[PDB]
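Q: Sharing a structure, written as structure tokens. Questions coming.
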Amino acid sequence: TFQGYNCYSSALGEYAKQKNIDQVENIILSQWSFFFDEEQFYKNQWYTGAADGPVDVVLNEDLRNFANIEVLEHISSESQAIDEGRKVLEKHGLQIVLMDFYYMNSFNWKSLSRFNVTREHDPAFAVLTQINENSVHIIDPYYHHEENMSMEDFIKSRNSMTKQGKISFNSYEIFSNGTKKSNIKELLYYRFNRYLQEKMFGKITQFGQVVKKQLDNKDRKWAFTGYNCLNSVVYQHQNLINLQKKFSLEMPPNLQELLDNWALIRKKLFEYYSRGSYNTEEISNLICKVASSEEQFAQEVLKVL
Ligand SMILES: *C(=O)c1ccc(O)cc1
């Protein structure tokens, strides 16, 4: 399945790939973003990484602004959701749905030695491919997993209260109003220019300073949340490496090194959470160092691209 850089972008891109909808994948693969929300940090919601969620509104703006592609949110009800689903499958073949990940658990945490897989009501995305009498078929494109789910579990998952709001059978419809094609260099220039002008590297520094202040926080789950949140940043870095390879782009020479720096930050957050270490000072230092490295990298991308 199409990885994207977050659950929402993975779902849009998987839909786009299966239905050869032009430009959606390229606009996702060329995204360059960082956010930090101190209020979400202290409510242990998804507080950093590529984009606020679960819907990536900045990506929606990019799709409209560059390709004249709209993403329309539909809201439904218990009585109407499945019949509306059948009509969507007849007309478009797929439906992108908001789902409580509590009912999906698409990722094998035991592969990374985490056996205490704490259950959480978190909104995620699935691509619905088939409606049966007592079951549906879904793809979780972010975790490259597909399953048959009972009709009961499907309906429950689409109607549950999560830590990040109330799901009411929400579905996302991508429609092109007249697609403008972009060169990958144009899409990257706009993103890197926006990254610098909005001082997104500054939000990395803020994250670093907040990590330093958790020295004596007895609660460590911010570090697991941070670990999960930063997978989006690793994916954007890998996506840009893949774009560099495909289109023979000129990049500053330290792109792989930056990906490695984010992978190390993630490793140390995971080790801290798992009581492997006691090193918030070290983690905060690495975050503040990568903030400056990312600012410098972005300035150099605008020069050499
Ligand atoms: C994507 O939306 C998503 C949600 C929740 C988890 O845990 C992982 C991925």
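Each chain in the structure tokens gets a letter, A, B, ..., in the order shown, and its residues are numbered from 1; ligands are numbered from 1 in order too.
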Could you find all residues in stretch 65-265 of chain A that DSSP calls helix (DSSP H, G or I) from the backbone, and write them as an NGL selection string?
A: :A and (65-67 or 81-92 or 101-103 or 109-112 or 141-143 or 151-157 or 184-197 or 200-212 or 221-229 or 231-247 or 255-265)
Q: Please save C-alpha atoms of the selected residues as a JSON list (two decimals), in the first residue's frame.
A:
```
[["chain", "number", "residue", "atom", "x", "y", "z"],
["A", 65, "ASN", "CA", -3.99, 25.22, -4.11],
["A", 66, "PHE", "CA", -1.80, 23.21, -6.51],
["A", 67, "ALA", "CA", -4.03, 20.69, -8.32],
["A", 81, "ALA", "CA", -23.92, 4.95, 6.95],
["A", 82, "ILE", "CA", -23.86, 1.44, 5.30],
["A", 83, "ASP", "CA", -26.50, 2.21, 2.56],
["A", 84, "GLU", "CA", -24.54, 5.46, 1.75],
["A", 85, "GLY", "CA", -21.39, 3.22, 1.69],
["A", 86, "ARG", "CA", -23.01, 0.85, -0.90],
["A", 87, "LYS", "CA", -23.80, 3.84, -3.23],
["A", 88, "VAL", "CA", -20.20, 5.18, -2.78],
["A", 89, "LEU", "CA", -18.73, 1.72, -3.68],
["A", 90, "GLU", "CA", -21.06, 1.53, -6.78],
["A", 91, "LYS", "CA", -20.01, 5.06, -7.99],
["A", 92, "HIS", "CA", -16.29, 5.21, -6.87],
["A", 101, "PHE", "CA", -8.01, 2.31, 15.74],
["A", 102, "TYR", "CA", -9.10, 0.55, 19.02],
["A", 103, "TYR", "CA", -10.98, -1.90, 16.66],
["A", 109, "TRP", "CA", 4.15, -4.01, 18.35],
["A", 110, "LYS", "CA", 5.69, -7.38, 19.46],
["A", 111, "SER", "CA", 8.00, -7.06, 16.35],
["A", 112, "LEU", "CA", 9.66, -4.13, 18.31],
["A", 141, "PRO", "CA", -2.76, 1.62, 4.06],
["A", 142, "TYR", "CA", -0.59, 3.36, 6.77],
["A", 143, "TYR", "CA", 0.23, -0.14, 8.25],
["A", 151, "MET", "CA", -20.48, -5.38, 10.47],
["A", 152, "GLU", "CA", -20.96, -4.79, 14.27],
["A", 153, "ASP", "CA", -17.25, -3.87, 14.86],
["A", 154, "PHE", "CA", -17.22, -1.68, 11.68],
["A", 155, "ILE", "CA", -20.33, 0.32, 12.81],
["A", 156, "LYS", "CA", -19.00, 0.59, 16.45],
["A", 157, "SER", "CA", -15.52, 1.76, 15.21],
["A", 184, "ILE", "CA", 8.18, 17.88, -8.43],
["A", 185, "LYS", "CA", 10.72, 20.81, -8.13],
["A", 186, "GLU", "CA", 7.82, 23.39, -7.98],
["A", 187, "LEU", "CA", 6.01, 21.35, -5.23],
["A", 188, "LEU", "CA", 9.27, 20.98, -3.21],
["A", 189, "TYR", "CA", 10.20, 24.71, -3.65],
["A", 190, "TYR", "CA", 6.80, 25.82, -2.36],
["A", 191, "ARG", "CA", 7.03, 23.43, 0.65],
["A", 192, "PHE", "CA", 10.66, 24.36, 1.59],
["A", 193, "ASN", "CA", 9.93, 28.12, 1.13],
["A", 194, "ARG", "CA", 6.78, 27.77, 3.36],
["A", 195, "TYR", "CA", 8.78, 25.68, 5.94],
["A", 196, "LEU", "CA", 11.32, 28.57, 6.33],
["A", 197, "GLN", "CA", 8.77, 31.48, 6.12],
["A", 200, "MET", "CA", 8.54, 25.32, 11.18],
["A", 201, "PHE", "CA", 12.12, 24.48, 12.41],
["A", 202, "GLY", "CA", 11.18, 26.74, 15.40],
["A", 203, "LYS", "CA", 8.43, 24.19, 16.35],
["A", 204, "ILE", "CA", 11.22, 21.50, 16.54],
["A", 205, "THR", "CA", 13.12, 23.80, 19.00],
["A", 206, "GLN", "CA", 9.87, 24.25, 21.08],
["A", 207, "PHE", "CA", 9.44, 20.40, 21.17],
["A", 208, "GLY", "CA", 13.11, 20.12, 22.36],
["A", 209, "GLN", "CA", 12.60, 22.68, 25.19],
["A", 210, "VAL", "CA", 9.38, 20.89, 26.39],
["A", 211, "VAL", "CA", 11.28, 17.50, 26.39],
["A", 212, "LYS", "CA", 14.04, 19.08, 28.61],
["A", 221, "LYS", "CA", 3.75, 8.17, 27.93],
["A", 222, "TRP", "CA", 4.54, 11.60, 26.26],
["A", 223, "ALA", "CA", 7.75, 9.82, 25.03],
["A", 224, "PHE", "CA", 5.73, 6.94, 23.41],
["A", 225, "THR", "CA", 3.31, 9.52, 21.85],
["A", 226, "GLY", "CA", 6.37, 11.53, 20.60],
["A", 227, "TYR", "CA", 7.90, 8.30, 19.17],
["A", 228, "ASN", "CA", 4.66, 7.52, 17.23],
["A", 229, "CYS", "CA", 4.23, 11.21, 16.13],
["A", 231, "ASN", "CA", 7.26, 8.40, 12.26],
["A", 232, "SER", "CA", 5.61, 11.06, 9.98],
["A", 233, "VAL", "CA", 8.92, 13.05, 9.93],
["A", 234, "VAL", "CA", 11.00, 9.87, 9.14],
["A", 235, "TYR", "CA", 8.48, 9.07, 6.30],
["A", 236, "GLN", "CA", 8.77, 12.63, 4.79],
["A", 237, "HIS", "CA", 12.63, 12.28, 4.92],
["A", 238, "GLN", "CA", 12.46, 8.80, 3.24],
["A", 239, "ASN", "CA", 9.86, 10.12, 0.69],
["A", 240, "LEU", "CA", 12.26, 13.00, -0.23],
["A", 241, "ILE", "CA", 15.21, 10.50, -0.55],
["A", 242, "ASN", "CA", 12.93, 8.42, -2.89],
["A", 243, "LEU", "CA", 11.99, 11.59, -4.94],
["A", 244, "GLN", "CA", 15.77, 12.46, -5.15],
["A", 245, "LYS", "CA", 16.47, 8.92, -6.56],
["A", 246, "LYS", "CA", 13.45, 8.84, -8.99],
["A", 247, "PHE", "CA", 13.84, 12.41, -10.45],
["A", 255, "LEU", "CA", 19.59, 14.23, 3.83],
["A", 256, "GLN", "CA", 20.30, 10.57, 4.87],
["A", 257, "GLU", "CA", 22.18, 11.92, 7.97],
["A", 258, "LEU", "CA", 19.03, 13.96, 8.94],
["A", 259, "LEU", "CA", 16.81, 10.82, 8.52],
["A", 260, "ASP", "CA", 19.35, 8.94, 10.77],
["A", 261, "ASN", "CA", 19.19, 11.83, 13.34],
["A", 262, "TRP", "CA", 15.33, 11.53, 13.51],
["A", 263, "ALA", "CA", 15.59, 7.68, 13.74],
["A", 264, "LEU", "CA", 18.01, 8.13, 16.74],
["A", 265, "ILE", "CA", 15.62, 10.66, 18.46]]
```
Q: Enumerate, in order of chain and increasing residue number, the residues of chain A with an atom no farther than 7 Å from ligand 1, each with its shortest atom pair and distance in Å to one decimal, counting only C-alpha atoms and all ligand atoms, as CSV.
A:
```
residue,atom,partner,partner_atom_place_in_ligand_line,distance
A:6,CA,ligand 1,1 (C),6.5
A:7,CA,ligand 1,1 (C),4.0
A:8,CA,ligand 1,2 (O),6.3
A:54,CA,ligand 1,2 (O),6.0
A:101,CA,ligand 1,5 (C),5.5
A:122,CA,ligand 1,5 (C),5.2
A:123,CA,ligand 1,4 (C),5.5
A:124,CA,ligand 1,2 (O),3.3
A:125,CA,ligand 1,2 (O),5.6
```
Q: Deliver the residues from the most recent selection as a file, using N, CA and C atoms, as a PDB file, in the first residue's frame.
A:
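Below is the file again.pdb, written as the result:
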```
ATOM      1  N   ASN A   6       1.523  10.062   6.942  1.00  0.00           N
ATOM      2  CA  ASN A   6       0.636   9.950   8.125  1.00  0.00           C
ATOM      3  C   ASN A   6      -0.592   9.107   7.740  1.00  0.00           C
ATOM      4  N   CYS A   7      -1.460   8.817   8.698  1.00  0.00           N
ATOM      5  CA  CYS A   7      -2.594   7.969   8.355  1.00  0.00           C
ATOM      6  C   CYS A   7      -3.522   8.552   7.264  1.00  0.00           C
ATOM      7  N   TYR A   8      -3.780   9.836   7.368  1.00  0.00           N
ATOM      8  CA  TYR A   8      -4.689  10.506   6.451  1.00  0.00           C
ATOM      9  C   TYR A   8      -4.099  10.523   5.038  1.00  0.00           C
ATOM     10  N   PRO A  54      -6.825  14.254  13.244  1.00  0.00           N
ATOM     11  CA  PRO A  54      -6.521  13.206  12.264  1.00  0.00           C
ATOM     12  C   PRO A  54      -6.562  13.644  10.789  1.00  0.00           C
ATOM     13  N   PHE A 101      -9.144   3.267  15.875  1.00  0.00           N
ATOM     14  CA  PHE A 101      -8.011   2.315  15.743  1.00  0.00           C
ATOM     15  C   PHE A 101      -8.077   1.256  16.853  1.00  0.00           C
ATOM     16  N   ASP A 122      -8.326   6.041  19.504  1.00  0.00           N
ATOM     17  CA  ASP A 122      -7.628   7.013  18.620  1.00  0.00           C
ATOM     18  C   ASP A 122      -8.270   6.965  17.239  1.00  0.00           C
ATOM     19  N   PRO A 123      -8.586   8.110  16.589  1.00  0.00           N
ATOM     20  CA  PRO A 123      -9.112   8.074  15.225  1.00  0.00           C
ATOM     21  C   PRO A 123      -8.007   7.714  14.224  1.00  0.00           C
ATOM     22  N   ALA A 124      -8.324   6.825  13.285  1.00  0.00           N
ATOM     23  CA  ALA A 124      -7.442   6.418  12.170  1.00  0.00           C
ATOM     24  C   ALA A 124      -8.277   6.357  10.891  1.00  0.00           C
ATOM     25  N   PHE A 125      -7.654   6.012   9.768  1.00  0.00           N
ATOM     26  CA  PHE A 125      -8.337   5.909   8.458  1.00  0.00           C
ATOM     27  C   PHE A 125      -8.229   4.479   7.947  1.00  0.00           C
TER      28      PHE A 125
END
```
Q: Excluding same-chain residues fewer than 5 positions from residue A:215, what lies within 8 Å of it counting only C-alpha atoms, as a PDB file with N, CA and C atoms, in the first residue's frame?
A:
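Dumped everything to out26.pdb:
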```
ATOM      1  N   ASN A 279      17.269   9.692  30.187  1.00  0.00           N
ATOM      2  CA  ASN A 279      18.080  10.713  29.466  1.00  0.00           C
ATOM      3  C   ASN A 279      17.224  11.754  28.739  1.00  0.00           C
ATOM      4  N   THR A 280      16.370  12.492  29.443  1.00  0.00           N
ATOM      5  CA  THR A 280      15.609  13.545  28.729  1.00  0.00           C
ATOM      6  C   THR A 280      16.550  14.647  28.241  1.00  0.00           C
ATOM      7  N   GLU A 281      17.547  15.006  29.066  1.00  0.00           N
ATOM      8  CA  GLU A 281      18.588  16.020  28.734  1.00  0.00           C
ATOM      9  C   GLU A 281      19.192  15.690  27.361  1.00  0.00           C
TER      10      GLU A 281
END
```
Q: Leaving out residue A:94 and any residue of its chain fewer than 6 positions from it, which residues lie within 7 Å of it when counting only C-alpha atoms, given as a PyMOL selection string?
A: chain A and resi 88+127-129
Q: Can I get the selection written as a short mmCIF file (atom, residue, chain, number, x, y, z; two decimals), in the first residue's frame, with N, CA and C atoms?
A:
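After the write, again.cif holds the following:
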```cif
data_model
loop_
_atom_site.label_atom_id
_atom_site.label_comp_id
_atom_site.auth_asym_id
_atom_site.auth_seq_id
_atom_site.Cartn_x
_atom_site.Cartn_y
_atom_site.Cartn_z
N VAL A 88 -21.59 4.67 -2.56
CA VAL A 88 -20.20 5.18 -2.78
C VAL A 88 -19.38 4.09 -3.48
N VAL A 127 -9.57 2.30 4.12
CA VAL A 127 -10.21 2.31 2.78
C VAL A 127 -11.14 1.10 2.73
N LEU A 128 -12.45 1.35 2.71
CA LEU A 128 -13.50 0.31 2.54
C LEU A 128 -13.53 -0.11 1.07
N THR A 129 -13.38 -1.41 0.79
CA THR A 129 -13.36 -1.98 -0.59
C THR A 129 -14.61 -2.81 -0.86
#
```
Q: Quick one: pull the distance between atom CA of residue A:9 and atom CA of residue A:140, Å, one decimal.
A: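 Atom-to-atom, atom CA of residue A:9 to atom CA of residue A:140, that is 11.7 Å.
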Q: Let me make sure I understand: among A:218, A:145, A:277, A:163, which one has the smallest atom-to-atom distance to residue A:119 if we use only C-alpha atoms?
A: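 Ranking A:218, A:145, A:277, A:163 by distance to residue A:119, first place goes to A:163.
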Q: When you look at residue A:98 with a cut-off of 8 Å (counting only C-alpha atoms), what residues show up, excluding the ones that are within fewer than 2 positions of it in the same chain? I need them as a list in words.
A: residues 96, 100, 123, 124, 125, 126, 158, 167, 169, 170 and 171 of chain A
Q: Check the DSSP output for the backbone and give back, as a PDB file with C-alpha atoms, in the first residue's frame, the residues of stretch 44-222 of chain A in strand (DSSP E).
A:
```
ATOM      1  CA  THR A  48       4.042  16.867  17.065  1.00  0.00           C
ATOM      2  CA  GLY A  49       5.349  15.383  13.762  1.00  0.00           C
ATOM      3  CA  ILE A  69      -8.350  18.819  -5.952  1.00  0.00           C
ATOM      4  CA  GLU A  70     -10.968  19.098  -3.117  1.00  0.00           C
ATOM      5  CA  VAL A  71     -11.441  16.638  -0.205  1.00  0.00           C
ATOM      6  CA  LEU A  72     -15.082  16.788   1.053  1.00  0.00           C
ATOM      7  CA  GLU A  73     -15.881  15.517   4.590  1.00  0.00           C
ATOM      8  CA  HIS A  74     -19.229  13.626   4.778  1.00  0.00           C
ATOM      9  CA  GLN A  95     -14.764   4.752   0.529  1.00  0.00           C
ATOM     10  CA  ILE A  96     -12.226   6.511   2.846  1.00  0.00           C
ATOM     11  CA  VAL A  97     -13.680   6.257   6.415  1.00  0.00           C
ATOM     12  CA  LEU A  98     -12.638   7.616   9.839  1.00  0.00           C
ATOM     13  CA  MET A  99     -12.335   4.626  12.225  1.00  0.00           C
ATOM     14  CA  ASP A 100     -11.444   4.085  15.916  1.00  0.00           C
ATOM     15  CA  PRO A 123      -9.112   8.074  15.225  1.00  0.00           C
ATOM     16  CA  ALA A 124      -7.442   6.418  12.170  1.00  0.00           C
ATOM     17  CA  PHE A 125      -8.337   5.909   8.458  1.00  0.00           C
ATOM     18  CA  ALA A 126      -9.339   2.798   6.489  1.00  0.00           C
ATOM     19  CA  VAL A 127     -10.206   2.306   2.778  1.00  0.00           C
ATOM     20  CA  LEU A 128     -13.500   0.311   2.540  1.00  0.00           C
ATOM     21  CA  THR A 129     -13.358  -1.978  -0.585  1.00  0.00           C
ATOM     22  CA  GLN A 130     -16.375  -4.325  -0.012  1.00  0.00           C
ATOM     23  CA  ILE A 131     -19.673  -4.404   1.981  1.00  0.00           C
ATOM     24  CA  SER A 135     -18.880  -8.079   7.312  1.00  0.00           C
ATOM     25  CA  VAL A 136     -16.810  -5.502   5.335  1.00  0.00           C
ATOM     26  CA  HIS A 137     -13.296  -5.622   3.773  1.00  0.00           C
ATOM     27  CA  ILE A 138     -10.952  -2.702   4.729  1.00  0.00           C
ATOM     28  CA  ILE A 139      -7.350  -1.678   3.926  1.00  0.00           C
ATOM     29  CA  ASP A 140      -5.244   0.138   6.576  1.00  0.00           C
ATOM     30  CA  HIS A 145      -2.668  -4.347   6.424  1.00  0.00           C
ATOM     31  CA  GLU A 146      -6.111  -5.467   5.136  1.00  0.00           C
ATOM     32  CA  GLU A 147      -8.796  -7.428   7.068  1.00  0.00           C
ATOM     33  CA  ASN A 148     -12.436  -8.561   7.058  1.00  0.00           C
ATOM     34  CA  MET A 149     -14.195  -6.803  10.006  1.00  0.00           C
ATOM     35  CA  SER A 150     -17.639  -7.828  11.427  1.00  0.00           C
ATOM     36  CA  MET A 161     -15.809   8.667  21.206  1.00  0.00           C
ATOM     37  CA  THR A 162     -11.975   8.952  20.828  1.00  0.00           C
ATOM     38  CA  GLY A 165     -13.204  13.731  19.195  1.00  0.00           C
ATOM     39  CA  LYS A 166     -16.491  11.941  18.288  1.00  0.00           C
ATOM     40  CA  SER A 171     -16.002   9.699   5.112  1.00  0.00           C
ATOM     41  CA  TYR A 172     -13.607  11.653   2.814  1.00  0.00           C
ATOM     42  CA  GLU A 173     -14.356  12.139  -0.917  1.00  0.00           C
ATOM     43  CA  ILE A 174     -11.526  13.317  -3.236  1.00  0.00           C
ATOM     44  CA  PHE A 175     -12.809  15.022  -6.406  1.00  0.00           C
ATOM     45  CA  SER A 176     -10.731  16.814  -9.075  1.00  0.00           C
TER      46      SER A 176
END
```
